[PDB]
Amino acid sequence: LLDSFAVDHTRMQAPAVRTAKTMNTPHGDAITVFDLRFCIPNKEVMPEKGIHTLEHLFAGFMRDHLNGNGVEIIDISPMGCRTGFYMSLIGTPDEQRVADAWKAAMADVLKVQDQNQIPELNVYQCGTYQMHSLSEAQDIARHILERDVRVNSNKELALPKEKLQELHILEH
Amino acid sequence: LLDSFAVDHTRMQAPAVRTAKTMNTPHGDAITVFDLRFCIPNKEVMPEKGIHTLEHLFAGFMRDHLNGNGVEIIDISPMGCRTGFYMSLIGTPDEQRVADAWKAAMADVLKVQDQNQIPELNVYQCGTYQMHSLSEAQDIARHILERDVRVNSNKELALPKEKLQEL
Ligand SMILES: C[C@@]1(O)OC[C@H](O)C1(O)O
Ligand code: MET
Ligand SMILES: [Zn+2]
Ligand SMILES: [Zn+2]
């Protein structure tokens, strides 16, 4: 409810961190959602097995690097377009702090030796327990480290009024 | 989900709502993450295009029916296993309130007439704008209404010490 942002995916750079939305709780705590954009929109997508395995690993490793000093992660979830994840948290860490934690978590993916070190990979604890690939998760993580992580600007990427009009007044 | 309840997927009923996590905030507010389980674990899955199209519709429709009266949705995002969505929100609505909102939102999906009506479905606003199917999204929605929405219990579904040892 403070700011959410309509940004232009045709100009979006990746890998990148961007503040997607800021909200406040009734007693005034800040909640921030970050766009952790792994793939360039409409050019690249993550594979379904590797995104799922990465999901099992990512929020744990992000918590290890990012929690504390005014930040408590709520959830990290995949985007339905398979180009990134949204991470919701209590606090207002800056984008570079988030990027650095993200890269450290990617590096942590690469030291996963085998599937027995993937948390919850079994029929009791995973909804689709065959839909997994450590090697694809590690390919994703390696890609992020090879490409580095940029900080994207909501001002730069903002869709102007006119364009949002053109798009929204085709939705009816 | 980070810091989740360790529940037994092999016994989880679906469609169902479940409290997946609760958190406090520094000045004392509450956050709740709900497991919106569409598919029976390891028996059914949603198709990738339909889940994506549903993601585009669901947030909006859910806010229509659920926001207000001590609740503000943060995010509704798909699960990587494609069996459900996690909904994070500020507040502590009961499970049945959430189930009622969810069904109303599914009914809303069914009145979408064409793909052009779907918010943000275009190259400017979607990361994978070809990966969409309104018909799959409506099939999903219809299945929820046909099956109804149960409330699942973390106490009922808790994995026992002996099983967690086995794991
Ligand atoms: C939405 C989703 O769960 O389905 C396809 C993608 O794999 C996903 O985002 O992880
Ligand atoms: C191991 S369950 C993890 C939930 C996941 N981080 C999501 O929010 O979709
Ligand atoms: Zn899983
Ligand atoms: Zn999309």
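Below, read A as the first sequence line, B as the second, and so on, with proteins coming before strands; counting in each chain starts at 1. Hydrogens, waters and symmetry mates play no part in the numbers below; they use all other heavy atoms, side chains included.
Listed here is the closest heavy atom pair of A:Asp29 and B:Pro26: OD2-N, 3.3 Å. Scanning both residues, B:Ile51 and B:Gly84, for their nearest heavy atoms gives CD1-O, 4.3 Å. The minimum heavy-atom distance linking A:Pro93 with A:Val98 is given by the pair CG-CG2, 3.9 Å. The minimum heavy-atom distance linking A:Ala99 with A:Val149 is given by the pair CB-CG1, 3.7 Å. Scanning all heavy atoms of the two residues, the minimum distance from B:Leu57 to B:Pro119 falls at CD2-CD, 3.7 Å. The two residues A:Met62 and A:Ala105 come nearest to each other via the heavy atoms N-CB, 4.0 Å.
Centroid-to-centroid, the aromatic rings of B:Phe34 and B:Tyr86 stay 6.0 Å apart or farther.
Inter-residue side-chain proximity for A:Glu44 and A:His143 is flagged as met; some heavy-atom pair is nearer than 4.5 Å. At least one side-chain heavy atom of B:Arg18 sits less than 4.5 Å from a side-chain heavy atom of B:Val7. Between B:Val109 and B:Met106, the closest side-chain pair of non-hydrogen atoms falls below 4.5 Å. Side-chain contact check for B:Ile31 versus B:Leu89: every heavy-atom pair is 4.5 Å or farther apart. Between B:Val17 and B:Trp102 there is a side-chain heavy-atom pair separated by less than 4.5 Å. Within the 4.5 Å cutoff, side-chain heavy atoms of A:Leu159 are placed close to those of B:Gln125. At a threshold of 4.5 Å between non-hydrogen side-chain atoms, the residues B:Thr83 and A:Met131 do not count as touching. Contact check for B:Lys111 versus B:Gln117: no side-chain heavy atoms found under the 4.5 Å cut-off.
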Give the intermediate values and the outcome of side chain to side chain contact (heavy atoms under 4.5 Å, CB included) for residues A:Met87 and A:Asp75. CA-CA 6 Å; A:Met87 171 174 59; A:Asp75 193 11; over 6 Å; no

Criterion side chain to side chain contact (heavy atoms under 4.5 Å, CB included) on B:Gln96 and B:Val151, from CA distance to verdict: CA-CA 7 Å; B:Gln96 188 61 233; B:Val151 173; 3.8 Å; yes

Taking it one step at a time, do A:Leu1 and A:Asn24 satisfy side chain to side chain contact (heavy atoms under 4.5 Å, CB included)? CA-CA 7 Å; A:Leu1 43 17; A:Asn24 288 321; 4.2 Å; yes

Would A:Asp100 and A:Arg97 count as a salt bridge (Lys or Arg N to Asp or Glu O under 4.0 Å) here? Give the steps. CA-CA 5 Å; A:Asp100 286 349; A:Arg97 174 172 167 192; over 6 Å; no

Would you please test A:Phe85 and A:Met79 for side chain to side chain contact (heavy atoms under 4.5 Å, CB included) and show each step? CA-CA 5 Å; A:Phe85 290 76; A:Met79 293 174 181; 5.6 Å; no

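Rounded to the nearest 0.5 Å, atoms OG (B:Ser4) and CD (A:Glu120) are 5.0 Å apart. Here the CG atom belonging to A:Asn152 is positioned 6.5 Å from the CE atom belonging to A:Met12, to the nearest 0.5 angstrom. Separating the CD1 atom in B:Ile140 from the CZ atom in B:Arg82 is a distance of 9.5 Å, to the nearest 0.5 Å. A distance of 5.0 Å separates CD1 of A:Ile74 from CD1 of A:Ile90, quoted to the nearest 0.5 Å. Between the CG atom of A:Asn154 and the CZ atom of A:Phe5 there is a distance of 4.5 Å, given to the nearest 0.5 Å. A distance of 6.5 Å separates CG of A:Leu36 from CD1 of A:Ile76, quoted to the nearest 0.5 Å.
A donor-acceptor contact shorter than 3.5 Å links the side chain of A:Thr53 to the backbone of A:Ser133. A donor-acceptor pair under 3.5 Å is absent between the side-chain atoms of B:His9 and the main chain of A:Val123, judged by distance alone.
Of the N and O atoms on the side chains of A:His65 and A:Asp108, at least one donor lies less than 3.5 Å from an acceptor on the other residue.
Between A:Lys21 and A:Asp35, no side-chain nitrogen of the basic residue sits less than 4.0 Å from a carboxylate oxygen of the acidic one, so the salt-bridge criterion is not met.
Few gaps surround CZ on B:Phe61; more than 12 heavy atoms of other groups in view lie less than 6.0 Å from it.
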